[PDB]
Every structure is written in structure tokens, then in C-alpha cells.
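Visitor: fold the following.
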Amino acid sequence: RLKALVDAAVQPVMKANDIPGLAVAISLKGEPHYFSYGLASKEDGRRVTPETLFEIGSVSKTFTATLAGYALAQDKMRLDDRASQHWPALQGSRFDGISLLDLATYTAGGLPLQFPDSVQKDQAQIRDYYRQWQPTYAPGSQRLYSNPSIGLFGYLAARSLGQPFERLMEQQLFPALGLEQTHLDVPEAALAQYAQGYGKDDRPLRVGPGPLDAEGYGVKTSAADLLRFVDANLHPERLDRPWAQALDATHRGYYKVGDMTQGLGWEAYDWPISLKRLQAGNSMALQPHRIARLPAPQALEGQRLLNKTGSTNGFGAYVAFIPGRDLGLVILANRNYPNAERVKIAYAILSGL
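Guide: Numbers count the residues shown, from 1 in each chain. Below is the structure:
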């Protein structure tokens, strides 16, 4: 019956969006279920499994937010810190007037969707980009989804912990969460599991280097590992206490835009909610939106769906969980297919359950 539900949701969307390979992982009342479809690589006929690695794009921001939650748990930073506190190169810049919370929640005052193409993956170019940046509008007022914004949040969280971001993730966070199939830099030994991504004319696409790529979109992981991360989010209380607190920090809402409540990484909706509303919330116009700030930060628990979409040029990921129902869902594909279609699969499954 579960195969029928998941096949009925996935099969027409894979066919309609020409998705070569797609992995589903579901956590249902504490039990994992895997549904694997199609080809990780069309050219060598390698089938998707629950161990296939996919690029998860901006779903990486939920990992970045968890690392920041770990720095918060250790009192190495606070969300009301001025951003420039954690990086002397920014002292005297406009980051003297911008909080870590503003960076995490895309309200620093108009940091753009992407770094300009002039900014290469280079420490000095990234430093100089932030040193010269000036807000378009007041920090704290308007949300504009931004890689530079949450990328700097992750970079500063790493500085507060005294080590590079990529090292902290590999040496501390991934082991603490029991993730052995989750990578920022896939080992040569794991490359056999790395799915091919597909674009226009099935051009092959694996993500290339970019500024603060690890913080914004660096993670490659399996459906089985990303469900382990969802299960850590459903049950933080099972982890050693600093990591329980790190995960809890990503379950705190700061403001509403439309139906969406913005946390660190995670974006939350009331549940139940219509499919069309969940699609609209995940299909954001890329202009700034005025926020409705919450009088106090809100626990993101109970009758809520927490979710995150993420994409690279070759891949399309979606993760969602319902704390109050102990239900988790991962959908990883090796095509960047529309967010609304990813939500269509997920909604069919979550409503079905």
C-alpha cells in the first residue's frame, strides 16, 4: 500500500519532468522506508539506490544552520551579535550594523540572491565583497533569499568556533549526527555513488566551485543519510545535549511571509495546508518581501510542516517533516525540476499518510 502511494506520487512526476533518477526516503512512526527509481547515470546504467549521492543545493542551509546552532549552544556566538564581531576584516563596514540573525534569515537589507559573477571562490574577493557592500533598505525589514546572506552566517559561525566551516562539518557535525554518507567534498572512494546531474539536452552537470559554496549549497548526500538528518530533527532529544540544542535552534520561527514562518534554514507551514499554498510558499518571487516579525521567537513544533527545497544546475532536492506526527520525507532527483512538482510528490505522500 505504501509502495502504491509513493509510486502513484513519484511515477507521473518523473515522467512529466523527464527525471532520470529519484530517491525517496520516508520516516514513519520511527521506521525508514526507501523507494528508488531510475538511473543515477544514464550513460553507465547505474540505478538509483538509497546510498546514491545527490547534490541537495540549498537544503545544505539546514546543515549550515545546525552548525550555527552548535556555536549558539556553546555560547561562542549569539544571534543578536553584530556580524563584524566575528570577522575583523569587516570591522568598520556596514556589517557593524547587521546581526547574525539578519544574515541567517535573509533580512540584512538586500544581500542579493547570488554573489555577483565578479566574486570568485577566493577568500580575499569574498572579504572585499562584504567590506564594500551597502544595504538597499533597513536590516530587519525585508526578506530577500540570498546565498551571500546565509553563506556569511555559516562562515561567521565557523569563525566563532575557531576553525574553517568545511573542517567543522567533516570533523564534528557529520559524525555527531551519525552521517557517514554526507560530504562537502566527495572522497574518490565514494565517487561511484555520485549521481550524474542532467540539464538541457541531458548535458551532464555536477556543481563547480563558487564563493561560500560549502555554506550555501555544498552538501552531497544519500536519501538514507538525509533521512537520518530528518530523524535527528524529529528527535533532537536522542543526541548528546549540545547537538540536541543545535538542532532545536533550527526549530525557532522569527517572522512570517505569507503562509511561511522563517527559521534558521527550515521554513515552516501550518499543517494541514492546501497543496497550492505549499507550492506558492516554495515558488517565491525573487523580489524582497516585507516580513511580519513575531513578538517573540516561536517553537516550530506540533501541527506544522518544516521543509526546505534545494537545487543545483543538475539536481533538485526537497525535504519535509511534521514534528507533531513523527513523519519525515526526503525526495532527491538528478534533474533540477520545478519546486511545485517536488511539493506535488511530497504532498501526495504526506496527505496519503
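
Visitor: helices along the stretch 201-350 of the chain, start to end?
Guide: 213-217, 223-234, 241-249, 275-281, 339-352 (DSSP state H, counting those that start in this stretch).

Visitor: so can I have CSV of the ones you listed showing mean neighbour count?
Guide: The C-beta positions use only the backbone N, C-alpha and C, and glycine is treated the same way. Shown next, in CSV, are the helices of the stretch 201-350 of the chain (neighbours: other C-beta atoms under 10 Å):
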stretch, mean neighbour count
helix 213-217, 24
helix 223-234, 23
helix 241-249, 18
helix 275-281, 17
helix 339-352, 20
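
Visitor: nearest to residue 150, out of those helices?
Guide: helix 213-217 (6.3 Å; C-beta to C-beta).

Visitor: if we can go back for a sec, closest one to residue 69 among the helices of the stretch 201-350 of the chain?
Guide: Judging the helices of the stretch 201-350 of the chain by C-beta to C-beta, what sits closest to residue 69 is helix 241-249, at 3.2 Å.

Visitor: who touches residue 277 in this structure?
Guide: Residue 277 makes contact with 259, 269 under the criterion C-beta atoms under 8 Å, 6 or more residues apart in numbering.

Visitor: circling back: in TSV: the helices of the stretch 201-350 of the chain, plus distance to residue 288.
Guide: Listed next are the helices of the stretch 201-350 of the chain as TSV, based on distance: least, C-beta to C-beta, whole Å:
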stretch	distance to residue 288
helix 213-217	19
helix 223-234	29
helix 241-249	25
helix 275-281	16
helix 339-352	19
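
Visitor: nearest spatial neighbour of residue 91, skipping sequence neighbours?
Guide: residue 84 (4.9 Å; C-beta to C-beta, 6 or more residues apart in numbering).

Visitor: quick check: that neighbour is in a helix.
Guide: Yes: counting by DSSP: H, G, I helix; E, B strand; the rest coil, residue 84 is found in a helix.

Visitor: gap between it and residue 138?
Guide: 17 Å (C-beta to C-beta, to the nearest Å).

Visitor: ok, residue 285 next?
Guide: Residue 285 is 20 Å from residue 138, by C-beta to C-beta.

Visitor: the two - which one has more neighbours?
Guide: residue 138 (12 against 8; other C-beta atoms under 10 Å).

Visitor: the closest residue in space to the more buried one that isn't next to it in sequence: what secondary structure?
Guide: Spatially, and ignoring its direct neighbours in sequence, residue 138 is nearest to residue 109 (6.1 Å; C-beta to C-beta, 6+ apart). Put simply, residue 109 is coil when judged by three-state DSSP.

Visitor: and residue 109, what does it touch?
Guide: 94, 98, 102, 135, 136, 137, 138, 139, 140, 141, 142.

Visitor: please, a PyMOL command that selects the buried ones among these?
Guide: Selection of the buried residues among the contacts of residue 109 in PyMOL, burial being defined by 16 or more other C-beta atoms under 10 Å:
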select buried, resi 94+98+102+135+139+140+142
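
Visitor: of the contacts of residue 109, which belong to strands?
Guide: residue 142 (DSSP state E).

Visitor: want to throw the contacts of residue 109 into CSV with distance to residue 257?
Guide: Shown next, in CSV, are those (distance: C-beta to C-beta, whole Å):
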residue, distance to residue 257
94, 23
98, 19
102, 15
135, 19
136, 17
137, 15
138, 16
139, 16
140, 14
141, 12
142, 10
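
Visitor: and the contacts of residue 109, which is closest to residue 127?
Guide: Distances from residue 127 to the contacts of residue 109, taken by C-beta to C-beta, are shortest for residue 94, at 14.0 Å.
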